[PDB]
Amino acid sequence: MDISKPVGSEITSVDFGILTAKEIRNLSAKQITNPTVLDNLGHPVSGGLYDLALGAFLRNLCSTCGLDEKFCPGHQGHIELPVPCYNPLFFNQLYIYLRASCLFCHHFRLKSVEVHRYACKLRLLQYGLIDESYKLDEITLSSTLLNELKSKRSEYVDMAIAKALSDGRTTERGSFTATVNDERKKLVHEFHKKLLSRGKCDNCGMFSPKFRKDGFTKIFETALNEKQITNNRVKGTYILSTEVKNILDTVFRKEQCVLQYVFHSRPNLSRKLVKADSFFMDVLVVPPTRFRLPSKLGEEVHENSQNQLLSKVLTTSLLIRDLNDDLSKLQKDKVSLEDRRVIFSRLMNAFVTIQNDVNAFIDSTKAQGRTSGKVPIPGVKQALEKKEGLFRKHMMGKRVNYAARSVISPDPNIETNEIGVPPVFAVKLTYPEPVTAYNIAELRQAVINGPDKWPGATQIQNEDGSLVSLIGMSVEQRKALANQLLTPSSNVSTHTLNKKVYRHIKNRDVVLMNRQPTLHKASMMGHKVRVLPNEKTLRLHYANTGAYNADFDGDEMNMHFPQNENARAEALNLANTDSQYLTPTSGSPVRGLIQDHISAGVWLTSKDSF
Amino acid sequence: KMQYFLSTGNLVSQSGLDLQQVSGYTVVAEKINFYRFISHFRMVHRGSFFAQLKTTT
Amino acid sequence: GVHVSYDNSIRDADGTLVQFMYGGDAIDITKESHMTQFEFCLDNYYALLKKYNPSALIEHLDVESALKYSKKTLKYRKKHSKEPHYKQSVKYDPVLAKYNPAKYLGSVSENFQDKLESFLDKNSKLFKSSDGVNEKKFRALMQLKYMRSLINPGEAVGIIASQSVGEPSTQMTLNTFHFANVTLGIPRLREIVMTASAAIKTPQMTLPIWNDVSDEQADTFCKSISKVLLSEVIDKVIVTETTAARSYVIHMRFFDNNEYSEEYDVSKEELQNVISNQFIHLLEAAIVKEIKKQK
Amino acid sequence: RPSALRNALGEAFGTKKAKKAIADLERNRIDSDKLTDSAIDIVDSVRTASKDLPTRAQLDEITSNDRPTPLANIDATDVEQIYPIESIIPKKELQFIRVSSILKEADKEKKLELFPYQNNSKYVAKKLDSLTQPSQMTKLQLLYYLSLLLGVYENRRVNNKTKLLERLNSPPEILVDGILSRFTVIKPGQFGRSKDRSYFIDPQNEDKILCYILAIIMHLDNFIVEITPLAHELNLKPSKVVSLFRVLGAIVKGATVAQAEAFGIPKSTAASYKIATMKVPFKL
Amino acid sequence: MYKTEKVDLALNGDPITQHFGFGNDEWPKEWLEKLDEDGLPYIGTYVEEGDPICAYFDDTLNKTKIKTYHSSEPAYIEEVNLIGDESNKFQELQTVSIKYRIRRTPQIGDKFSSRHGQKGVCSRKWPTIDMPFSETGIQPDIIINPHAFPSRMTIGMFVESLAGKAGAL
Amino acid sequence: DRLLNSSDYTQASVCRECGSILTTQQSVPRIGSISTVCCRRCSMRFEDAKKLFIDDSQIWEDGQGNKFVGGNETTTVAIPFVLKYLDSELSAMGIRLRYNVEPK
Amino acid sequence: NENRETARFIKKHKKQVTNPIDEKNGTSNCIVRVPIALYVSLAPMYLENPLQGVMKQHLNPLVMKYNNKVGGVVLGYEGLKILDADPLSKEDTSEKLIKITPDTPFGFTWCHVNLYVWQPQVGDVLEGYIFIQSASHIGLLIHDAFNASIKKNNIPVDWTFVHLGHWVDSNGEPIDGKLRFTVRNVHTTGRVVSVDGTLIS
Amino acid sequence: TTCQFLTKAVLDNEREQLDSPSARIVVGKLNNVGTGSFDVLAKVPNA
Amino acid sequence: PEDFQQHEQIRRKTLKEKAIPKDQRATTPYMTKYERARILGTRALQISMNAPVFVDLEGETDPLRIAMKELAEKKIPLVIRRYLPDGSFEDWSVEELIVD
Amino acid sequence: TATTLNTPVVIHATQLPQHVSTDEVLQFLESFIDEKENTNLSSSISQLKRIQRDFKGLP
RNA sequence: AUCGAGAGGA
DNA sequence: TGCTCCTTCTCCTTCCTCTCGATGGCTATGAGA
DNA sequence: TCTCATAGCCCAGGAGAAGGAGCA
Ligand SMILES: [Zn+2]
Ligand SMILES: [Zn+2]
Ligand SMILES: [Zn+2]
């Protein structure tokens, strides 16, 4: 944080999407297909997992930006897989589209007018007209009148959306709210319930074969009934990933007019046409080395698990490429020999494993395993799901800076809205006080005093963001800085700013006390500072003991020291104890006095008290 | 290997020696005070699988 | 994202509305509970008048719309305070449901205004000792107080409501005075708001009875409504197999007829008909299933 | 034995029985001959998408790698020509290396003035009066270049040129520019170079320079190199030097009676004392 | 408080050249204020964070590296064990065990407990001139909260106090 | 101030024409002028460059010195650094993210 | 889509305008007027003088500063008008109401202003005085404002180099006044911008 | 179950309008409820 | 050039035609604790980074107290832009809000 | 320089660049000197005056 | 410094 | 021809401090006496 | 000519989905 570093831009809204393979080949850093991870015990190999195109690795430079570790974010490489893989994250979804298509005409086995009706329903749901999305079925009566009915439905939807676009019921970017999305998900769920029941083709009476999945691994095909083969002929087992790619590519090429509507919950303004390569992994991205560094202590190295996964991916890829070269050896002719029977199977079994390895790269749960040790190294799914994931460990629950923690102690001599500060916490917690002409003498007093005597100045930061510390400087090197806080405009590029001081805490500031298991908003309140001499703990008044649910047998309170005048005003006004006299639950108080005051009130106001 | 068994506590075997948990059979003596030190010879344990279970029977 | 919008309507952060007023009346709980003790406010009429000064605030707001509108609604809902609400052909909206409640002086809820006028009419003895305190001056003071005790636009009342249910819920998981019926404590509360389950542990129903129905008539109805199982009237089941192929004779000793006749309102020919209809049919179906499940 | 495991299975469980029965529906033959030739056609479509594998023999061995050796002559079966001196020393720099004024002048003060780097190296005093033939004078010039590499090695944190020119006895420009152009990460930019240029050496080229230094020392020590007194001299780590000679193909071995006969070192204390030797081929 | 630090220089068969003491090398002279010439500290010495504890010469960088005391409290040196190898001194000395000692005054905020479960935190050490004094002459050691007795129901502390006064007389 | 500004507050380089924070990088400061952040997603290769003319504004070189062209609409925003981590982690499953950044 | 990429190559890098020679007598009119809009901050320490504050904090530090989005060098700004973010203002008001970012007192807002941009393009005519003399290049004095570089191989053999050296025109007399040359490329190499000059290429 | 809802979000192509408080802090902007529900704007002079 | 002008005019359209007239502003004329706290904090943050002086300093080293002192006399030149769930915003200045 | 405090983020034009002749530019020179009346930046002023002396006949 | 395992505190 | 009830899988969760460990095995080379 | 002696590396807690086993 800096209040002398304003940010001009901002994030306004978030859009999604899927990168494809050729786009990553256009943008990313370097094709990396080298399993060399440890090149003679001390080196990063070029073109490998620790290439300097991927950033910097343990006081090496960069082959992309040529800068230090503190200037490069690390660059994103790309593995070129041998074969196009699935994306498991979307897997079961396209599995439904694996079973809803007619294999011959490349349409869906439901009636074409029915899918046209669902498409018009979802187009009306794109603009908030659920009224139209249930009045659409009003329009009913060879395929000439069927095409007429399609044009009736199309003109009905077009005129309804034109009437919506007449007034301001929907802007140009579309209409989308909660009830709209609920109706959309009900119709998509009913749509997928209907696209798995029609056995025959409703276009030409054919029979698509039966499919069954292993869950993330393979697809098994079943031969159909002899009556079904008889019906197919009069009128018309492991499969590979490329067969799935070719089938779903032709299905998406023939069904663009409806799957433009299914996979979009808004008006698709930029005309993003859905293709098969939106679901597929011909390439894998490669993370920056900076986000993949092994943990180092002196010499001890804990090597990252994603390095192991991605190295196994590259090793399996080069094994598949070597077997591709062996098949290039067989394709001279080599037809009078069954010698290529085994290694081809040693292709296909290995052709399983890379899928499993991608199922071992992103997932760690659903795979096979080399058992009896049961050590799952973390896939990127399991690094995102729990308290030990990312949304709680690093997004919400963050260990903070400029904070303190202690056991506390009673103090009935300070007020209710006050806190007692020991000198050990009064030296290691600073405030970024700027330089201004009204408080210039107090800041020169803090500069003369220094980091060893309360109160004082520790870090004088210049207008370039450069620091000057005082933690080891002498007394006169501090006192010479007294006349060195009124520097004029040297550089006009940074002339409007002034100097800053990370000064010590004093009475004109405010902190935020907290007790760690919280249950309500009055379990975390601001308190006005008073620095105490000869003190080890934090000091508390008894009126706080109702709100924090505190007992003085060894509490543990945290103290966030706020870092902005905005936060000072909010803690001093919006969350001070003076404004928290009552419960928000029922209206009772939680503050007041405790048992010594209570018994003294019993004895004192009695009528034998002269 | 016995130094590994006492320095980590992971019971590593094949038949399991007919038990329930596969870890945590070793306790540091903790001779900070003699009351603690004599408590760590009568301190019996019910089972880590029962500490896992939230049923309060 | 459940907070107080500027129109005092509970919406989500995209405008998805949840309620139109905070509790129906926009009264924050923080400044709530001194709208029940009016005699204390009369006792500090001078202090609450010196605090809430109406002189420096009359120049920004209309004062004579909600008063007339509220007096019209008061006369109408004292005129028809005996018909039920379905027979009540509904007139126009209540007072808060028309006006900005924090702009017009006198835009109050109905129950507060009713208890205000009931307090001002119950204490006719008291205001003769007053200096001239009427319905009007005290009403203007309490309406200025009602305007100054409304909730701010933009308070995290979803968070306040969530914490005000969570914090007294941590005083729970106590096996309370339950046996002297339903699931109690946190296992009730998490069943209600989070899970939304239909399989209630002990689902019940409370039926009010009329006044002419005596206790004997109501308990006769309780013996009428009750579910009766067959094994409730079965003393002994005696199965004697003899293998003519394999066969077995079933002898059932029941109880006395007057016993379940008085307790469960069942004759022996109802017992005959229920052995005739459903028992032997399901028994034969179970025998067929157990025969088929060997192969 | 898998069928015996299934025979124990079918009696054994209901969860492992179902699991391995699913695995047997998973096990079954994933290749037939018509499927084999269809997959041969699909591998021809893999030829169509043949994102080609790297050559892994010349790009991954001859180019920039872990510790780049000097330009080795594997084809030379002569062990004294595995590193020819025209490969290490370029002719462009060799054509202006003249040390006739060094052996011509008899003053050792001016001779140490004419070395580019000045230290307490015992190797300089060991190999100045020992070499007597002028016919190996270019080899002596090689030793000169060795001292010149010291002017790079222990003076690498000098982050510019003119202050690095303040560490040498004003040599001809071509040696220093050849070293700073062949061995350094050239960071371009004239935004600071008109004031002061700033670039340094990555540690991979630093181990390359260590390989060049140890190859020059490998020349001048009868191609049988000392380890432990050199480890006293190099001021570096012992196994570091062992690794640097295992890169350069030097078999770092113990001593027979021949090395006790030659180097004057005791064979009875040679189980831990190391000596680097050479043979004909190249490493793997 | 007693602590233990095992400084080893043999974590990596011959080439360990890190030798204790000092080689023929320059080093800032005020190390002998806290150390001795054999690479060891003076036993019983004021140790504060920012002071060397074990120093040793190595020729691998022509350098005498030290081991700075890294702990928050100021300490003192208790016992310096010097451990050799179990076989017949194939190397010289390479392992130094050091016992630190740290003072602990009874401070404010410390946790003291009686023998009835009633633990507590010493909030302030109260001056004896500010103590309540008895007619016999004495002042108490620990004043305790009297309101803890109804809720916790510790009536046996009365019994222990009365019997202890009886035994003290 | 607390949950963002005091733990991992960071700037970020964004190319507004692509709307991402990760693929942008720093160009090598060559002999002409100072360096400039650029976009790898909005980049013209020297391989084809529609040559089946580029003015001297957008030609820049990476660490090996290959000529790229594009990615000048660059601005710095205020993010947590763990957002950059999550951006680099969601691409491992194959997810593009897109961040609308006004002023457009 | 193959039709998008050709136009995205040839049209977006294509400039706006071309400068003609005045009556084929003088030089080009490379000093052109263009209206721009921008979005800049404002310090509170010049809040009493906010317009000149914006000038001295974003525009006066843009003097003689090259941008490729304007294509050249600005010779001065004119017509600063803040687009106020409050409607019903009608451009005749003094209580302009600028949006403040919720962390800093530097308030960002939109501004229209005109620029007087000097931008040369490919294949143009410029002139230069005698500024320096060397052996193979003469940096010409562009409008008494900039420096012009000349590569050696673009010089025909009719030019007479004499010898410090000097260039002699094909007329044979020493050169004077404003010498004509052709612009090939624009460069920023140096403390300020420069240009690539030619005579036959 | 972040991945399943993220799958459904990508297959819906959710333009997240960024109004939920937890969403606004995962992205990391000034949260809505309180001193972020509105904006302060500066009244400036003319000269 | 011209498409930028068109997007500019669409921006000024959606700004202008989502505005609220001064006749339509019918919220409360009060100032909530959030509004007052934000005004105080933002004005003190301006003064700490040299806002122009319009109130007496009285030698107070606390800029937040200087902000409260300056709020005590309605000297502050700021306008609260109240947003709605539509996004149509009212503008309430300091001069037309009952402080406390 | 990478901060937004000293650098505008968005810069675009709205109209076609009108080729204003040396008349309005000379008028802007004279009125610019007059408005600045009503060192690298002063060297920018000096070069901006040498633009006028350049077109005059004797720089 | 990652994973386990153990201990202890409000 | 089309439409329901009975079985599986397949999913998920209070705060802090300290310590103490943390791959086996299949082959090369390489002297010693 | 084997014996060491090591380098270099390979038991909650229901709710849903989802599809078979019969039925108009
Ligand atoms: Zn880089
Ligand atoms: Zn078909
Ligand atoms: Zn881009």
# chains A, B, ... in the order shown; residues from 1 in each chain; ligands from 1
$ residues_near_ligand --ligand "ligand 2" --cutoff "6 Å" --atoms "only C-alpha atoms (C1' of nucleotides) and all ligand atoms" --output "list in words"
residues 102, 104, 105, 201, 203, 204 and 206 of chain A
$ residues_near_ligand --ligand "ligand 3" --cutoff "12 Å" --atoms "only C-alpha atoms (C1' of nucleotides) and all ligand atoms" --output "compact mmCIF listing (two decimals) with N, CA and C atoms, in the first residue's frame"
# COMPACT_ATOMS: atom_id res chain seq x y z
N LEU A 27 1.16 -17.12 -28.33
CA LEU A 27 1.48 -16.15 -27.28
C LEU A 27 2.55 -16.60 -26.29
N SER F 13 0.73 -5.17 -14.60
CA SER F 13 0.71 -4.68 -15.97
C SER F 13 -0.40 -5.37 -16.73
N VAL F 14 -1.24 -4.58 -17.40
CA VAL F 14 -2.37 -5.08 -18.16
C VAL F 14 -2.24 -4.53 -19.57
N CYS F 15 -2.44 -5.38 -20.57
CA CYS F 15 -2.73 -4.91 -21.91
C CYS F 15 -4.24 -4.80 -22.07
N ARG F 16 -4.73 -3.58 -22.26
CA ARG F 16 -6.16 -3.34 -22.26
C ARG F 16 -6.84 -3.92 -23.50
N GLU F 17 -6.11 -4.00 -24.61
CA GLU F 17 -6.67 -4.54 -25.84
C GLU F 17 -6.88 -6.05 -25.78
N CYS F 18 -6.18 -6.76 -24.89
CA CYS F 18 -6.47 -8.16 -24.65
C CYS F 18 -7.16 -8.40 -23.32
N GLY F 19 -6.93 -7.54 -22.33
CA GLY F 19 -7.60 -7.68 -21.06
C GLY F 19 -7.09 -8.80 -20.18
N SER F 20 -5.77 -8.95 -20.09
CA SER F 20 -5.18 -9.94 -19.21
C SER F 20 -4.00 -9.33 -18.48
N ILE F 21 -3.59 -9.99 -17.40
CA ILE F 21 -2.55 -9.47 -16.52
C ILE F 21 -1.31 -10.35 -16.51
N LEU F 22 -1.37 -11.56 -17.07
CA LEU F 22 -0.30 -12.54 -16.95
C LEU F 22 0.61 -12.60 -18.17
N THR F 23 0.05 -12.58 -19.38
CA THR F 23 0.87 -12.78 -20.57
C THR F 23 1.72 -11.57 -20.91
N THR F 24 1.41 -10.40 -20.35
CA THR F 24 2.23 -9.23 -20.56
C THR F 24 3.57 -9.39 -19.88
N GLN F 25 4.58 -8.72 -20.42
CA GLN F 25 5.94 -8.89 -19.93
C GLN F 25 6.72 -7.62 -20.19
N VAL F 37 6.69 -2.22 -21.23
CA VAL F 37 5.95 -3.46 -21.11
C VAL F 37 5.12 -3.70 -22.37
N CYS F 38 4.96 -4.97 -22.72
CA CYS F 38 4.30 -5.36 -23.96
C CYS F 38 3.46 -6.61 -23.73
N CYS F 39 2.66 -6.94 -24.74
CA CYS F 39 1.71 -8.04 -24.68
C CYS F 39 2.14 -9.17 -25.60
N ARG F 40 2.23 -10.38 -25.05
CA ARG F 40 2.52 -11.53 -25.88
C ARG F 40 1.29 -12.06 -26.59
N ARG F 41 0.09 -11.75 -26.10
CA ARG F 41 -1.10 -12.20 -26.82
C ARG F 41 -1.38 -11.28 -28.01
N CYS F 42 -1.13 -9.99 -27.85
CA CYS F 42 -1.18 -9.05 -28.96
C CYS F 42 0.24 -8.79 -29.47
N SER F 43 0.75 -9.76 -30.23
CA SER F 43 2.13 -9.72 -30.71
C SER F 43 2.18 -10.20 -32.15
N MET F 44 2.88 -9.46 -33.00
CA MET F 44 3.09 -9.84 -34.40
C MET F 44 4.47 -10.47 -34.55
N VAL F 69 5.90 -7.35 -32.53
CA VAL F 69 5.20 -6.10 -32.78
C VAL F 69 3.82 -6.17 -32.14
N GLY F 70 3.53 -5.25 -31.23
CA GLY F 70 2.21 -5.12 -30.65
C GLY F 70 2.25 -4.95 -29.15
N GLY F 71 1.08 -4.62 -28.61
CA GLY F 71 0.87 -4.56 -27.17
C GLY F 71 1.33 -3.28 -26.51
N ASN F 72 0.81 -2.14 -26.94
CA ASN F 72 1.20 -0.86 -26.37
C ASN F 72 0.17 -0.29 -25.40
N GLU F 73 -1.10 -0.66 -25.54
CA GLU F 73 -2.16 -0.17 -24.65
C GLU F 73 -2.01 -0.84 -23.29
N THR F 74 -1.08 -0.30 -22.50
CA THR F 74 -0.66 -0.91 -21.24
C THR F 74 -0.97 0.03 -20.08
N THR F 75 -1.49 -0.55 -19.00
CA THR F 75 -1.75 0.23 -17.80
C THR F 75 -1.57 -0.65 -16.57
N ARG F 98 -10.66 -12.82 -18.34
CA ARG F 98 -10.74 -11.55 -19.06
C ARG F 98 -11.27 -10.49 -18.13
N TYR F 99 -10.50 -9.42 -17.95
CA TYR F 99 -10.76 -8.41 -16.94
C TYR F 99 -11.05 -7.09 -17.64
$ residues_around --residues "region 176-182 of chain D" --least-positions-apart "5" --cutoff "10 Å" --atoms "only C-alpha atoms (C1' of nucleotides)" --output "MDAnalysis selection string"
chainID D and resid 90 92:93 148:149 151:152 161 164:165 168 171 199:201 205 209
$ interface_residues --of "chain A" --to "chain F" --cutoff "6 Å" --atoms "only C-alpha atoms" --output "NGL selection string"
:A and (1 or 9-19 or 27 or 63-66 or 285 or 400-401)
$ residues_around --residues "region 9-12 of chain M" --least-positions-apart "5" --cutoff "10 Å" --atoms "only C-alpha atoms (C1' of nucleotides)" --output "number ranges by chain"
B: 49-50, 52-55; L: 25-27
$ residues_around --residues "region 36-46 of chain J" --least-positions-apart "4" --cutoff "7 Å" --atoms "only C-alpha atoms (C1' of nucleotides)" --output "MDAnalysis selection string"
(chainID G and resid 64) or (chainID J and resid 32 50)
$ interface_residues --of "chain A" --to "chain L" --cutoff "12 Å" --atoms "only C-alpha atoms (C1' of nucleotides)" --output "list in words"
residues 197, 198, 199, 215, 302, 366, 385, 386, 387, 397, 405, 406, 407, 514, 515, 516, 517, 518, 519, 555, 556, 557 and 558 of chain A
$ write_last_selection --atoms "C-alpha atoms" --output "short mmCIF file (atom, residue, chain, number, x, y, z; two decimals), in the first residue's frame"
data_model
loop_
_atom_site.label_atom_id
_atom_site.label_comp_id
_atom_site.auth_asym_id
_atom_site.auth_seq_id
_atom_site.Cartn_x
_atom_site.Cartn_y
_atom_site.Cartn_z
CA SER A 197 -33.66 -40.90 -24.21
CA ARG A 198 -34.34 -41.00 -27.96
CA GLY A 199 -32.83 -44.25 -29.22
CA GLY A 215 -15.29 -41.43 -15.25
CA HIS A 302 12.49 -29.82 -1.12
CA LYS A 366 -9.53 -39.98 -9.47
CA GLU A 385 -10.78 -26.61 -2.70
CA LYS A 386 -10.42 -26.24 1.07
CA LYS A 387 -9.04 -24.20 3.97
CA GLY A 397 -7.24 -15.69 5.60
CA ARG A 405 -0.43 -10.35 19.58
CA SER A 406 -0.31 -10.66 23.35
CA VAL A 407 -1.81 -11.85 26.57
CA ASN A 514 -9.68 -8.37 18.50
CA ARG A 515 -10.12 -11.73 20.20
CA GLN A 516 -9.62 -14.50 17.72
CA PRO A 517 -12.74 -16.74 17.92
CA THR A 518 -15.35 -14.18 16.83
CA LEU A 519 -19.11 -14.63 16.78
CA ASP A 555 -6.33 -14.48 26.98
CA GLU A 556 -4.89 -14.03 23.50
CA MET A 557 -5.76 -10.72 21.83
CA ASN A 558 -4.63 -9.45 18.46
#
$ interface_residues --of "chain L" --to "chain D" --cutoff "10 Å" --atoms "only C-alpha atoms (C1' of nucleotides)" --output "number ranges by chain"
L: 30-32
$ write_last_selection --atoms "N, CA and C atoms (P, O5', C5', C4', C3', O3' and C1' of nucleotides)" --output "mmCIF file, in the first residue's frame"
data_model
loop_
_atom_site.group_PDB
_atom_site.id
_atom_site.type_symbol
_atom_site.label_atom_id
_atom_site.label_comp_id
_atom_site.auth_asym_id
_atom_site.auth_seq_id
_atom_site.Cartn_x
_atom_site.Cartn_y
_atom_site.Cartn_z
ATOM 1 P P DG L 30 37.813 -45.843 -13.145
ATOM 2 O "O5'" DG L 30 37.951 -45.239 -11.665
ATOM 3 C "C5'" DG L 30 37.296 -45.876 -10.567
ATOM 4 C "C4'" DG L 30 38.294 -46.291 -9.500
ATOM 5 C "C3'" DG L 30 39.585 -46.897 -10.037
ATOM 6 O "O3'" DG L 30 40.675 -46.541 -9.211
ATOM 7 C "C1'" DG L 30 38.480 -48.491 -8.706
ATOM 8 P P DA L 31 42.170 -46.631 -9.789
ATOM 9 O "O5'" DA L 31 42.741 -47.989 -9.173
ATOM 10 C "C5'" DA L 31 43.900 -47.964 -8.357
ATOM 11 C "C4'" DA L 31 43.526 -47.787 -6.899
ATOM 12 C "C3'" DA L 31 44.408 -48.541 -5.931
ATOM 13 O "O3'" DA L 31 44.194 -48.034 -4.623
ATOM 14 C "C1'" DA L 31 42.342 -49.590 -6.004
ATOM 15 P P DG L 32 45.349 -48.124 -3.511
ATOM 16 O "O5'" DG L 32 45.262 -49.632 -2.974
ATOM 17 C "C5'" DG L 32 44.065 -50.116 -2.344
ATOM 18 C "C4'" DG L 32 44.393 -51.047 -1.181
ATOM 19 C "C3'" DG L 32 45.856 -51.394 -1.017
ATOM 20 O "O3'" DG L 32 46.110 -51.703 0.340
ATOM 21 C "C1'" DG L 32 44.629 -53.257 -1.938
#
$ interface_residues --of "chain K" --to "chain A" --cutoff "10 Å" --atoms "only C-alpha atoms (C1' of nucleotides)" --output "NGL selection string"
:K and (1-3 or 9-10)
$ write_last_selection --atoms "N, CA, C and O atoms (P, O5', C5', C4', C3', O3' and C1' of nucleotides)" --output "PDB file, in the first residue's frame"
ATOM      1  P     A K   1       8.858 -22.884   8.399  1.00  0.00           P
ATOM      2  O5'   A K   1       9.343 -22.782   6.886  1.00  0.00           O
ATOM      3  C5'   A K   1       8.465 -22.332   5.865  1.00  0.00           C
ATOM      4  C4'   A K   1       8.714 -23.062   4.571  1.00  0.00           C
ATOM      5  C3'   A K   1       8.470 -24.560   4.597  1.00  0.00           C
ATOM      6  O3'   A K   1       7.115 -25.004   4.615  1.00  0.00           O
ATOM      7  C1'   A K   1      10.562 -24.187   3.639  1.00  0.00           C
ATOM      8  P     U K   2       5.945 -24.381   3.706  1.00  0.00           P
ATOM      9  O5'   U K   2       4.966 -25.623   3.501  1.00  0.00           O
ATOM     10  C5'   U K   2       4.521 -25.987   2.203  1.00  0.00           C
ATOM     11  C4'   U K   2       4.733 -27.456   1.911  1.00  0.00           C
ATOM     12  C3'   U K   2       3.996 -28.441   2.800  1.00  0.00           C
ATOM     13  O3'   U K   2       2.661 -28.624   2.369  1.00  0.00           O
ATOM     14  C1'   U K   2       6.237 -29.166   2.437  1.00  0.00           C
ATOM     15  P     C K   3       1.496 -28.934   3.423  1.00  0.00           P
ATOM     16  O5'   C K   3       1.700 -30.474   3.772  1.00  0.00           O
ATOM     17  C5'   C K   3       1.606 -31.468   2.763  1.00  0.00           C
ATOM     18  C4'   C K   3       2.099 -32.800   3.264  1.00  0.00           C
ATOM     19  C3'   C K   3       1.479 -33.264   4.566  1.00  0.00           C
ATOM     20  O3'   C K   3       0.224 -33.877   4.359  1.00  0.00           O
ATOM     21  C1'   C K   3       3.831 -33.589   4.635  1.00  0.00           C
ATOM     22  P     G K   9      -3.170 -27.252  28.252  1.00  0.00           P
ATOM     23  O5'   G K   9      -3.396 -25.734  27.839  1.00  0.00           O
ATOM     24  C5'   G K   9      -2.675 -24.703  28.491  1.00  0.00           C
ATOM     25  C4'   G K   9      -2.847 -23.379  27.799  1.00  0.00           C
ATOM     26  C3'   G K   9      -4.269 -22.986  27.450  1.00  0.00           C
ATOM     27  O3'   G K   9      -5.017 -22.497  28.546  1.00  0.00           O
ATOM     28  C1'   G K   9      -2.906 -22.632  25.579  1.00  0.00           C
ATOM     29  P     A K  10      -6.565 -22.903  28.682  1.00  0.00           P
ATOM     30  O5'   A K  10      -7.343 -21.580  28.267  1.00  0.00           O
ATOM     31  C5'   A K  10      -7.036 -20.341  28.883  1.00  0.00           C
ATOM     32  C4'   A K  10      -7.381 -19.184  27.985  1.00  0.00           C
ATOM     33  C3'   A K  10      -8.830 -19.107  27.533  1.00  0.00           C
ATOM     34  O3'   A K  10      -9.681 -18.517  28.499  1.00  0.00           O
ATOM     35  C1'   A K  10      -7.420 -18.845  25.668  1.00  0.00           C
TER      36        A K  10
END
$ interface_residues --of "chain H" --to "chain G" --cutoff "8 Å" --atoms "only C-alpha atoms" --output "list in words"
residues 30, 39, 40, 41, 42, 43, 44, 45, 46 and 47 of chain H
$ residues_around --residues "residue 53 (chain F)" --least-positions-apart "4" --cutoff "9 Å" --atoms "only C-alpha atoms (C1' of nucleotides)" --output "VMD selection string"
chain G and resid 9 to 10 13 to 14
$ closest_residue --among "I:19, I:28, I:71, I:98" --to "chain G" --atoms "only C-alpha atoms"
I:19
$ residues_around --residues "region 20-23 of chain M" --least-positions-apart "3" --cutoff "10 Å" --atoms "only C-alpha atoms (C1' of nucleotides)" --output "ChimeraX atom specification"
/L:3-7
